[PDB]
Amino acid sequence: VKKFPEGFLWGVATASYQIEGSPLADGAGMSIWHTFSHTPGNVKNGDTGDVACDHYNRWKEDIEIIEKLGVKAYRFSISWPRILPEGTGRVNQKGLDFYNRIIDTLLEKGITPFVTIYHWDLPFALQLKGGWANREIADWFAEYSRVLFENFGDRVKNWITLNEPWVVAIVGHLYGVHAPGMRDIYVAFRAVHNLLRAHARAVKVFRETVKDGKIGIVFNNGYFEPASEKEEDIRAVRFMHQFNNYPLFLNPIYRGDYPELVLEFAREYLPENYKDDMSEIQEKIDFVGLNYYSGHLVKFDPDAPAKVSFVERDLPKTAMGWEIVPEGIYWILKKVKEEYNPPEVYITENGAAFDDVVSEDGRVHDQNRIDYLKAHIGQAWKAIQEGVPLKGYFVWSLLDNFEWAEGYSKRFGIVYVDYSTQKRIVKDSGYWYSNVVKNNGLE
Ligand SMILES: [Cl-]
């Protein structure tokens, strides 16, 4: 037995571009992911988000699956260009109606909505004016956030500004692997900083508009381990934690500057007077969302892009080639309490990709996933027993979906989607998770 606190929030998570399809229905503007995925070469098999899970039509059914599984919270994102097709200015009522229906249904069924404002589908119109590179996005994003708060904050009270701003900045603008597909280190660090400014401004507006809600922000994290006791391996680890994990953003939010080893690597790429923005950046947040999947062995490496490389290891791995390290989710929960002590934490994503098949017997026997989930939930339970204020846990994902530059080739769902028919088939992991939520814990 591992019982969780009373009221602990068991969740599933999605994102708009990954599941909705119909990216241009009902007056929506193009997003950067529409243009990026329609560009030849950017995404595995030429996949796009044109159809996806077709949630834009099947939304009532999907929520009926959430209700049927007795899952208590649904984390979903809003497509900015469905709401304001040019990014600023004109509000598309039909985009607001689509999300109103999802919000009302969830509340009817007593399911708690957690809204992600930004999960990567920037309006193409704003990308043409620089996107996250342009300091003006702090105003654009505040105006968008304000529209959401005005229209939905009477019913939604749990809000997330940005999903994984490191990935948005660095994978989008330095590695060029995600939209908008750029490779410029100076842009990428201007984007980090603008993401902070935008986040803080949204928080400021939220205090003015939704005087009874809670607002937070979500970070990707890895559990990095050093290759040795060596000279500099423990430092590589230090650097990777500070750059890749929550501190790149929480050092500014909580302490008013970027982390030490980040400024060592990147002071030259950040704007000249970036500190002028840091007191506004410290706008108080109500919680921190941490996402966690894998862990990594890392070494000092004098030839690498940024003095760090990954030493591969012989550990179980998901279809992503990601190492299964369940104790990272404990480590990161302990570390956030230790370093910044936020009042409330949520695990906003945890999950895995495996090559799921439908069996002759009609079922998906994803024991590899049940094992992955059960193990990580156990490590989260542990951190609760050592005082980490963890108030909820969100499985990535309710559905198999468009997995960014991987396309439909990676399945992270607790419900299997057959794309040829759009039929949902609850996987074992999903029936299982249902019982975890019924029992409010393990065994
Ligand atoms: Cl600018």
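Being more than 16 Å from the ligand (Cβ to nearest atom), surrounded by fewer than 22 Cβ atoms within 10 Å (Cβ to Cβ), under 23 Å from the mean Cα position of the chain (by Cα) and not in a loop (DSSP other than H, G, I, E, B): is that true of residue 99 here? Please lay out each step first, then the result.
Numbers: more than 16 Å from the ligand (Cβ to nearest atom): yes; surrounded by fewer than 22 Cβ atoms within 10 Å (Cβ to Cβ): no; under 23 Å from the mean Cα position of the chain (by Cα): yes; not in a loop (DSSP other than H, G, I, E, B): yes.
Spelling it out, it is not the case that residue 99 is more than 16 Å from the ligand (Cβ to nearest atom), surrounded by fewer than 22 Cβ atoms within 10 Å (Cβ to Cβ), under 23 Å from the mean Cα position of the chain (by Cα) and not in a loop (DSSP other than H, G, I, E, B).
All but one of (1) closer than 23 Å to residue 46 by Cβ; (2) not in a loop (DSSP other than H, G, I, E, B) hold for residue 180, so report the exception by its number.
(2)
Every residue in the range 130-172 that is over 20 Å from residue 403 (Cβ atoms), within 16 Å of the ligand (Cβ to nearest atom) and either in a helix (DSSP H, G or I) or in contact (Cβ under 8 Å) with a residue 24 or more places away in the chain (or both), please.
Those that are over 20 Å from residue 403 (Cβ atoms), within 16 Å of the ligand (Cβ to nearest atom) and either in a helix (DSSP H, G or I) or in contact (Cβ under 8 Å) with a residue 24 or more places away in the chain (or both): 131, 132, 133, 134, 135, 137, 138, 139, 140, 141, 142.
Give the residue, chosen from 232, 225, that is in contact (Cβ under 8 Å) with a residue 40 or more places away in the chain and on the phi > 0 side of the Ramachandran plot.
Working: 225 fails: on the phi > 0 side of the Ramachandran plot.
Matching residue, one of 232, 225: 232.
Can you confirm whether the range 220-233 contains a residue that is of a type in the set (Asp, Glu), part of a helix (DSSP H, G or I), buried (at least 17 other Cβ atoms within 10 Å of the Cβ) and more than 16 Å from the ligand (Cβ to nearest atom)? Talk me through it step by step, then tell me what you get.
Taking the range 220-233 first, the residues of a type in the set (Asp, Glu) are 225, 229, 231-233.
Imposing the further condition that a residue be part of a helix (DSSP H, G or I) reduces the set to 233.
Filter once more, keeping what is buried (at least 17 other Cβ atoms within 10 Å of the Cβ): 233.
Imposing the further condition that a residue be more than 16 Å from the ligand (Cβ to nearest atom) reduces the set to 233.
There is at least one residue in the range 220-233 that is of a type in the set (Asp, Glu), part of a helix (DSSP H, G or I), buried (at least 17 other Cβ atoms within 10 Å of the Cβ) and more than 16 Å from the ligand (Cβ to nearest atom).
Across the range 112-129, which residue is nearest to the ligand (Cβ to nearest atom) among those that are within 26 Å of residue 48 (Cα to Cα) and among the hydroxyl-bearing types (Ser, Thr, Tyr)? Break it down stepwise before answering.
Keep residues of the range 112-129 that are within 26 Å of residue 48 (Cα to Cα), which gives 114-129.
Then drop every residue that is not among the hydroxyl-bearing types (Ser, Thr, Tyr), which leaves 116, 118.
On the way: 116: 25, 118: 19 Å.
Of everything passing the filter in the range 112-129, 118 is nearest to the ligand (Cβ to nearest atom).
Listed residues 45, 92; which is exposed (fewer than 15 other Cβ atoms within 10 Å of the Cβ) and touching a helix residue (DSSP H, G or I) at 6+ places or on another chain (Cβ under 7 Å)? Break it down stepwise before answering.
On the way: 92 fails: exposed (fewer than 15 other Cβ atoms within 10 Å of the Cβ).
Only one candidate passes the filter, namely 45.
Looking at residue 354 and the list (1) aromatic (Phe, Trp, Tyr); (2) under 18 Å from residue 245 (Cβ atoms); (3) crowded, with 18+ Cβ neighbours inside 10 Å, which single condition is not satisfied?
Single failed check for residue 354: (2).
Consider only pairs whose beta carbons are under 8 Å apart and that are at least six residues apart or on different chains; among these, list those whose first residue lies in the range 1-26 and is under 15 Å from residue 394 (Cα atoms) and whose second residue is part of a loop (DSSP other than H, G, I, E, B) and among the aromatic types (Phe, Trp, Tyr).
From the range 1-26, the pairs are 15/120.
Output the residue which, of all residues in the range 401-443 that are within 25 Å of residue 181 (Cβ to Cβ) and touching a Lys or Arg at 6+ places or on another chain (Cβ under 7 Å), is surrounded by the most Cβ atoms within 10 Å (Cβ to Cβ).
Per the stated criteria, the residue is 403.
Given the criteria in contact with a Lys or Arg (Cβ under 9 Å, 6 or more places away or on another chain) and within 16 Å of the ligand (Cβ to nearest atom), does residue 82 qualify?
Working: in contact with a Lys or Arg (Cβ under 9 Å, 6 or more places away or on another chain): yes; within 16 Å of the ligand (Cβ to nearest atom): no.
When the stated conditions are applied, residue 82 does not pass them.
From (1) assigned to a helix (DSSP H, G or I); (2) under 15 Å from residue 301 (Cβ atoms); (3) charged (D, E, K, R), pick out the condition that doesn't hold for residue 204.
Unmet for residue 204, out of (1) assigned to a helix (DSSP H, G or I); (2) under 15 Å from residue 301 (Cβ atoms); (3) charged (D, E, K, R): (2).
Please indicate, with yes or no, whether at least one residue in the range 385-398 is over 23 Å from the mean Cα position of the chain (by Cα) and without any contact (Cβ under 8 Å) to a residue 12 or more places away in the chain.
Yes, there is a match, as at least one residue in the range 385-398 is over 23 Å from the mean Cα position of the chain (by Cα) and without any contact (Cβ under 8 Å) to a residue 12 or more places away in the chain.
So is residue 347 in contact (Cβ under 8 Å) with a residue 12 or more places away in the chain and either under 30 Å from residue 40 (Cβ atoms) or in a helix (DSSP H, G or I) (or both) or not? Outline the logic, then answer.
Numbers: in contact (Cβ under 8 Å) with a residue 12 or more places away in the chain: yes; either under 30 Å from residue 40 (Cβ atoms) or in a helix (DSSP H, G or I) (or both): no.
Criteria not met by residue 347.
Does the range 182-192 include one or more residues that are β-branched (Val, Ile, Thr) and either under 17 Å from the mean Cα position of the chain (by Cα) or buried (at least 18 other Cβ atoms within 10 Å of the Cβ) (or both)? Outline the logic, then answer.
We begin by selecting, within the range 182-192, every residue β-branched (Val, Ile, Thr); these are 185, 187, 192.
Okay, now just the ones that are also either under 17 Å from the mean Cα position of the chain (by Cα) or buried (at least 18 other Cβ atoms within 10 Å of the Cβ) (or both), so 187, 192.
The answer is yes, given that some residue of the range 182-192 is β-branched (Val, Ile, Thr) and either under 17 Å from the mean Cα position of the chain (by Cα) or buried (at least 18 other Cβ atoms within 10 Å of the Cβ) (or both).
For the range 258-295, give me each residue that is crowded, with 18+ Cβ neighbours inside 10 Å and within 19 Å of the chain's Cα centre (by Cα).
285, 287, 288, 289, 290, 291, 292, 293, 294, 295
Which pairs turn up if I take residues in the range 174-190 that are closer than 17 Å to residue 258 by Cβ and look for partners that are assigned to a loop (DSSP other than H, G, I, E, B) and among the polar types (S, T, N, Q) with beta carbon separation below 9 Å, at least 6 apart in sequence or on another chain?
Taking only residues 6 or more apart or on different chains, the pairs are 190/134.
Only one of (1) away from the ligand (no atom under 16 Å from the Cβ); (2) buried (at least 19 other Cβ atoms within 10 Å of the Cβ); (3) of a type outside the set (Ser, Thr, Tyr) is not met by residue 212, so which one is it?
Result: residue 212 fails condition (2) only.
Find all pairs meeting these conditions: Cβ atoms under 7 angstrom apart; at least six residues apart or on different chains; first residue within the range 292-319 and at positive phi; second residue of a type outside the set (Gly, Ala, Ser) and in a strand (DSSP E or B).
The qualifying pairs are 307/300.
So, residue 196, is that one of a type outside the set (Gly, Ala, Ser), farther than 21 Å from residue 86 by Cα, within 16 Å of the ligand (Cβ to nearest atom) and not in a strand (DSSP E or B) or not?
For residue 196, the condition - of a type outside the set (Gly, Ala, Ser), farther than 21 Å from residue 86 by Cα, within 16 Å of the ligand (Cβ to nearest atom) and not in a strand (DSSP E or B) - is met.
Methodologically, a virtual Cβ is constructed for each residue, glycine included, from the backbone with ideal geometry; neighbour enumeration extends over all protein chains shown. Bear in mind these aren't lab numbers, they're just calculated from the coordinates by the rules spelled out.
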